[PDB]
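Undergrad: Sending over a structure as structure tokens; questions will come in a sec.
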2 protein chains.
Amino acid sequence: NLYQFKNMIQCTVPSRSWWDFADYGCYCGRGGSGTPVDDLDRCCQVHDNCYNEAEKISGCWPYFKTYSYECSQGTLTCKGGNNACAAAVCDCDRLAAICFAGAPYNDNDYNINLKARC
Amino acid sequence: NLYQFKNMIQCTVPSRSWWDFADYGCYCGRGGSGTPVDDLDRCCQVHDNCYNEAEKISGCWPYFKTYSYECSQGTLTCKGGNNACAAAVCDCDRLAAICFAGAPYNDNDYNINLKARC
Ligand SMILES: CCCCCCCCOC[C@H](COP(=O)(O)OCCN)OP(=O)(O)CCCCCCC
Ligand SMILES: CCCCCCCCOC[C@H](COP(=O)(O)OCCN)OP(=O)(O)CCCCCCC
Ligand SMILES: [Ca+2]
Ligand SMILES: [Ca+2]
Ligand SMILES: [Ca+2]
Ligand SMILES: [Ca+2]
């Protein structure tokens, strides 16, 4: 679930507030479309797409499905107790939080005019 | 001509080397295509189109045609002595240098992977 996702982000990107990614580029935040403005934005678009896939497993709502996972200094793994849904969205979140850490954050890409650039 | 354009940029953005604009986004540099990456890139996209318009004037080659203009303070004006081609090109360059001075320069957009991003 989203609360867990932001803890995942905390695990991989220690001194950037999770809120910094809530309105970035064309895809970081609720929804997204157009052309990713950078590598960070692109992490979000495959995350979004990853969520789109997990939803195709019916009764699976990526936003609210809680899962089991573990943070061990910069790394993440999903753990036991996950049903098909939890396993899939946990994997989505893991890969996205891992992606965020290896992409530069460009302030110029935060809270952009979606209308103009996307 | 390009030597004069370089000097125009000097006029409106003294604090930056012209070199910084020579390989930026999808449009600042020789040619261009794709989606402008930001406002500065859009300055170049517009400039490119201006040149393409000037090229319709028979015997008009924007890159090479020398024109008359003067830089005063940080303002630019095209002066007497220009034929149809020179006037058109001078105006194109004039507008571009004025545009650059009003757009933020994002370092993340310099020398980007054109095949990936454009
Ligand atoms: C007022 C703003 C609302 C707050 C947050 C909403 C975003 C939560 O996940 C959004 C999407 C995934 O969902 P959608 O964009 O709706 O997914 C597409 C699937 N339809 O993940 P993301 O990849 O876009 C990154 C967001 C970072 C937030 C960190 C902590 C909660
Ligand atoms: C002193 C010589 C230096 C060589 C620099 C090479 C850049 C070509 O600049 C022209 C293009 C426009 O030409 P094209 O892209 O070829 O457009 C014409 C297409 N019909 O303008 P631009 O708006 O794309 C940005 C240029 C910044 C560098 C300033 C040079 C002094
Ligand atoms: Ca966004
Ligand atoms: Ca999104
Ligand atoms: Ca370029
Ligand atoms: Ca160009």
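In the structure tokens, chains take the letters A, B, ... in the order shown, each chain's residues start at 1, and ligands count up from 1 in the order shown.
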Compile a residue-level contact table for chain B against chain A at a cut-off of 8 Å, reporting for every qualifying residue the shortest atom pair and its distance in Å to one decimal, with only C-alpha atoms counted, rows ordered by chain and ascending number, as a Markdown table.
TA:
| residue | atom | partner | partner_atom | distance |
| --- | --- | --- | --- | --- |
| B:37 | CA | A:37 | CA | 7.1 |
| B:38 | CA | A:117 | CA | 7.5 |
| B:106 | CA | A:108 | CA | 6.9 |
| B:108 | CA | A:106 | CA | 7.1 |
| B:117 | CA | A:38 | CA | 7.8 |
Undergrad: Could you tell me, counting only C-alpha atoms and all ligand atoms, which protein and nucleic acid residues lie no more than 10 Å from ligand 6, written as a list in words?
TA: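 Residues lying within 10 Å of ligand 6: residues 21, 22, 23, 24, 25, 26, 27, 28, 29, 30, 31, 32, 33, 41, 42, 43, 44, 45, 46, 47, 48, 49 and 51 of chain B.
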Undergrad: Taking C-alpha atoms for each residue, export the selection above as an mmCIF file, in the first residue's frame.
TA:
data_model
loop_
_atom_site.group_PDB
_atom_site.id
_atom_site.type_symbol
_atom_site.label_atom_id
_atom_site.label_comp_id
_atom_site.auth_asym_id
_atom_site.auth_seq_id
_atom_site.Cartn_x
_atom_site.Cartn_y
_atom_site.Cartn_z
ATOM 1 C CA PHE B 21 23.663 26.738 -25.788
ATOM 2 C CA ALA B 22 25.396 24.852 -28.599
ATOM 3 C CA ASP B 23 24.405 21.336 -27.349
ATOM 4 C CA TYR B 24 21.254 21.644 -25.284
ATOM 5 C CA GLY B 25 17.919 19.826 -25.277
ATOM 6 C CA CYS B 26 16.522 18.456 -28.513
ATOM 7 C CA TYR B 27 16.820 21.697 -30.526
ATOM 8 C CA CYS B 28 19.785 23.920 -29.455
ATOM 9 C CA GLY B 29 22.616 22.826 -31.795
ATOM 10 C CA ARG B 30 22.642 21.820 -35.513
ATOM 11 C CA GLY B 31 19.165 20.543 -36.454
ATOM 12 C CA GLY B 32 16.580 19.323 -33.923
ATOM 13 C CA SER B 33 13.410 17.256 -33.520
ATOM 14 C CA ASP B 41 14.770 24.338 -25.881
ATOM 15 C CA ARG B 42 11.591 25.970 -27.202
ATOM 16 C CA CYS B 43 13.638 29.131 -27.878
ATOM 17 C CA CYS B 44 15.824 27.032 -30.194
ATOM 18 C CA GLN B 45 12.876 25.219 -31.784
ATOM 19 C CA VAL B 46 11.344 28.589 -32.684
ATOM 20 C CA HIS B 47 14.729 29.869 -33.888
ATOM 21 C CA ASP B 48 15.201 26.809 -36.098
ATOM 22 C CA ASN B 49 11.783 27.428 -37.671
ATOM 23 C CA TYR B 51 15.774 30.122 -40.143
#
Undergrad: Can you give me the C-alpha RMSD, to one decimal in Å, for chain A fitted onto chain B with all Cα atoms paired in order?
TA: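 For chain B versus chain A, the C-alpha RMSD is 0.3 Å.
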Undergrad: Could you pull the residues within 12 Å of residue 60 of chain A, counting only C-alpha atoms, minus those fewer than 6 positions along the same chain, as a list in words?
TA: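 That gives residues 1, 51, 52, 53, 54, 66, 67, 83, 84, 85, 86, 87, 88, 89 and 90 of chain A.
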Undergrad: How would you write, as a PyMOL selection string, the set of residues in chain B that DSSP gives as alpha helix (DSSP H)?
TA: chain B and resi 2-12+39-54+84-100+114-117
